[PDB]
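Have a look at the structure below, then the notes.
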Amino acid sequence: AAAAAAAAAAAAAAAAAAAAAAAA
Amino acid sequence: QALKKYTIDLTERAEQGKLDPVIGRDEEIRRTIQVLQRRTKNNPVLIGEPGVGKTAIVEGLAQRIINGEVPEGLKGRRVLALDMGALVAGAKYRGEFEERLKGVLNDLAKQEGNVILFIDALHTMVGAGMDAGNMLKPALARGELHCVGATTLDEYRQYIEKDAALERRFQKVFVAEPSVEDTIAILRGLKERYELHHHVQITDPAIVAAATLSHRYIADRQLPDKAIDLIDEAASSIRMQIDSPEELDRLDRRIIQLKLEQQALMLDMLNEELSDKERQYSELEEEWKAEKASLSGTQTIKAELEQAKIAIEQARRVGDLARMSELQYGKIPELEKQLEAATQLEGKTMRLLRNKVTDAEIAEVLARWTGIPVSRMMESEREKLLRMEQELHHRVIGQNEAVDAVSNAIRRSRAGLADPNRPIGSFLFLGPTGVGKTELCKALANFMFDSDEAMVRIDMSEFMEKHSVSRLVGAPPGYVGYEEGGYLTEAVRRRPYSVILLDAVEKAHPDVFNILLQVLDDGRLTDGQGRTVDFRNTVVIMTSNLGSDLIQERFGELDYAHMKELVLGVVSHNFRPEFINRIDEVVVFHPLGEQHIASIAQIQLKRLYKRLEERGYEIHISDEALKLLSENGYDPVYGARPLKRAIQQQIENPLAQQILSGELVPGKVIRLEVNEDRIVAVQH
Amino acid sequence: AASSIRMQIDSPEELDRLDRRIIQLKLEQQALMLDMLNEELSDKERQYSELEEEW
Ligand SMILES: Nc1ncnc2c1ncn2[C@@H]1O[C@H](COP(=O)(O)OP(=O)(O)OP(O)(O)=S)[C@@H](O)[C@H]1O
Ligand SMILES: Nc1ncnc2c1ncn2[C@@H]1O[C@H](COP(=O)(O)OP(=O)(O)OP(O)(O)=S)[C@@H](O)[C@H]1O
């Protein structure tokens, strides 16, 4: 008789940047 | 065999009486029962912002079942509450959990609509592994399972607008937060329960206090749960006060002091004083024991009243005849009359004391819950408030109208006379700088809170550009600036009774003023994550210079009022006119007289002498030297800082030259006496 | 709507009012043992049985 385990399955997000772009 | 291995019969707990008076909510439970007696989409699910007690409405359903206040078709039923963590915890082998769930579902099928299955916290059942969504999808499909769901709005919107079939097996019940008065009724029922628990009396003005003030001063949670907090922690506070007592503690400290002192004396007569204070303490302690016995009898008679209520409810559920009436009719003649005899005996005897939770307990739990100072005036704070002009002219000389307006703002705060649409009192300051604007706000902060920076001093030169509004409110979601929020909303939402200075405001770019328009009108304000923060217990003060030529030209030969109108028109030409309309009052500063200058010099000398005594060096001074500092440190064009730096020069440079010469003996009074044009330090 | 009407069908109102009334007066009359609550109980139980049978 064999039992189970529990796994990680881990990773991160994906990010953004954002850029002002000045007028004058 | 399988069912009670994991389920909780709440209707048994209603029979056990361990549940609570669920008050109101009848339309809601009716609509619940409506969704129960459908053909398809039978499964209800409760939705609301948390605190509104979805658990409570389920248990009130169960109580109305056991009472038989339901209609007939759902009488004789079951409502059994199912943990999942009960289910999981032994699932070592594979399939074990799934066999558990399968046996539970088949035994629910065997009950044949006897059971209203109730599952709290429903989005767990979304994720357990497939796990239960597909693995109740047959029971979803058949409707023989009549599951009742419970969630926050969010995990509904997270997890249940993700599946379609799971969505269309469950029916939204938007449970609302109640108003003031339904909450008041709920509080009266649980007031009865809390006096059953916590050995108290609770007054109905304390209930209306809890409702009103938690509706004002708690911007976090919602009704009724904040009022539950207020009442329960006031119950704890009265319990601890009666468990203490302070006068006993004072007398115990006194007698152990006199005991130690007499044992050091072992003429005494402190023997006699010790014995007298011990007699006094024993008398008051015996009074304390008698009061404890009185309240203990009160608790016993209330508890036996509650046991009689439980028994007569057993007789109402089962249908006992005449035993219940005989029990009631014999019983609470005598328990009512000696309850009132104990009540008037305690109203006599409680000295050392309080048993009624009043508003004052609520206010103290408020002003130590967050800490907006709403409690009524204990006098050291009050008499400190009443000297406020002298308090500020401990540190800020002159600028008297400003001092007055600030003290008026503080007073209209503490009187409770501020309109809670708005912050307490907003200010723009004016005048050419170095006349004590930022220092006045720091002096306020030193007063009210006992620090300079424990206040929010954000100079505006950080904010000269359009984009850096995110330095204060923050980043919108889904970026890197998502884990440190804002900074302004943070430094309110920690401690919402705080001074916020935004010094030198008109450098900034006016979308910062768009933010600040929302600030000064309404005081709720959208933070970075997509929620809001109170401002209504802050004070926001900004500064400027912008009538600098005007005030340095024209503070003579004018009043205060037309001066105000003139420089107000100047700032009208600067800002938008809303942002000077939003101010509680603009206060205009002035050029300075030499008496203020001399007082400033005194203040800086006191600071200097503080630093030197910390160094360990000791000074008397010529005040002709102070006069020459006054005559040299003056200008109309700036004010105080050139005085400060001229004094800095003409003392501290040759002085520190002599100090780091290894020249001046510590301990000697360093006579700062004049030279012909310098000012000498001698050692005599 | 069908569930609403089903619940309206599934229970009376005034019958339950009078049922609470008669069990209250039963409690009260047993507490008496002047009475005349005997007569009032008989009247209200007759009314109760009438409306019950109509239901
Ligand atoms: N009408 C009411 N009668 C009695 N207790 C109530 C009532 N409304 C709220 N409560 C109490 O409010 C507290 C919290 O209520 P809940 O709505 O159950 O909390 P919640 O926000 O639903 O989060 P959970 O998941 O239920 S713990 C409980 O202790 C309830 O007893
Ligand atoms: N009434 C006063 N009491 C004590 N110090 C004062 C007073 N008026 C001016 N000062 C001094 O002058 C300076 C005032 O500091 P601040 O308040 O920063 O100047 P301000 O009036 O705020 O204008 P800015 O923006 O700083 S130029 C400090 O160096 C104070 O020591």
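Chains as they are written, first to last, in the numbering used here: chain H, 23 to 46; chain X, 16 to 699; chain E, 123 to 177. Quick reminder that beta carbons are idealized off the backbone N, C-alpha and C, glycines included.
Between the alpha carbons of X:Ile-412 and X:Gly-489 lies a distance of about 38 Å. In this structure, X:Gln-414 and X:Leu-459 do not form a Cβ contact; the two beta carbons are roughly 13 Å apart against a cut-off of 8 Å.
Straight-line spacing of the CA atoms in X:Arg-54 and X:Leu-160 works out to 12 Å. When rounded, the separation of the alpha-carbon atoms in X:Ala-71 and X:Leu-18 is 23 Å. Chain-order list of chain X residues neighbouring H:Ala-40: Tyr-494, by C-beta distance under 7 Å. Counting the other Cβ atoms within 10 Å of the Cβ of X:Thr-47 gives 16 or more, which makes it buried. Each of X:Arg-208, X:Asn-423, X:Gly-312 was checked against the Cα of X:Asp-599, and the nearest Cα belongs to X:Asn-423.
Every alpha helix (DSSP H) stretch that sits fully inside the stretch 460 to 540 of chain X and reaches 4 residues is listed by chain position as 503 to 508, 526 to 536. When the alpha-carbon of X:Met-557 is set against those of X:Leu-641, X:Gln-544, X:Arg-472, the nearest one is in X:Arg-472. With respect to chain X, the C-beta atom of E:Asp-132 has a partner C-beta closer than 8 Å. Rounded to whole angstroms, the gap between the alpha carbons of X:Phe-478 and X:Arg-546 is 23 Å.
In the structure shown, X:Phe-594 adopts helical secondary structure according to DSSP, grouped into three states. At a threshold of 7 Å, X:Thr-70 counts as near ligand 1, since its beta carbon sits closer than that to one of the ligand's heavy atoms. Per DSSP, reduced to three states, the secondary structure at X:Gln-216 is strand.
When the Cα atoms are used, X:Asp-247 and X:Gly-386 turn out to be separated by approximately 18 Å.
Within the stretch 151 to 164 of chain E, the residues whose Cβ lies closer than 8 Å to any Cβ of chain X are, in chain order, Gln-152, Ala-153. DSSP, reduced to helix, strand and coil, places X:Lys-187 within a strand of the structure shown. The count of Cβ pairs closer than 8 Å, one atom from the stretch 229 to 239 of chain X and one from the stretch 57 to 69 of chain X, reaches three, so the stretches are in contact. With respect to X:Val-94, X:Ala-77 sits close: the two C-beta atoms are nearer than 8 Å. When Cβ-Cβ separations below 8 Å define contact, H:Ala-29 makes no contact with chain X.
Contact annotation for X:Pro-86 against chain E: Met-129, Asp-132, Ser-133 [CB-CB distance below 7 Å, chain order].
Straight across, the Cα-Cα distance linking X:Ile-222 with X:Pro-435 is about 20 Å. The continuous stretches of alpha helix (DSSP H) do not include X:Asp-24, which lies in the beta strand (DSSP E) extending over residues 22 to 24. Here X:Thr-166 carries a strand assignment [DSSP, helix/strand/coil].
The C-beta distance from X:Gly-449 to X:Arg-656 rounds to 4 Å, short enough to meet the 8 Å contact threshold. Under the three-pair Cβ rule at 8 Å, the stretch 32 to 51 of chain X counts as touching the stretch 176 to 189 of chain X. For X:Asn-58, the enclosing beta strand (DSSP E) starts and ends at 58 to 62.
Partner residues in the beta bridge of X:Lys-371, as assigned by DSSP, are X:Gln-216.
Straight through space, the alpha carbons of X:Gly-362 and X:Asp-197 are spaced by roughly 31 Å. For X:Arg-109, the neighbours in chain H by C-beta distance under 8 Å run, in chain order, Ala-24, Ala-25, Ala-26. In this structure, X:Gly-562 has its CB at a distance of at least 7 Å from all heavy atoms of ligand 2. Just so you know, the alpha carbons of X:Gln-567 and X:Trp-384 end up roughly 47 Å apart. Residue side-chain check: X:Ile-134 keeps its Cβ at 7 Å or more from all non-hydrogen atoms of ligand 1. At a cut-off of 8 Å between C-beta atoms, E:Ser-171 does not count as an interface residue with respect to chain X. Distances between the C-beta of X:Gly-654 and the heavy atoms of ligand 2 include at least one below 7 Å.
Bounds of any beta strand (DSSP E) do not take in X:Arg-410, whose DSSP letter is neither H nor E.
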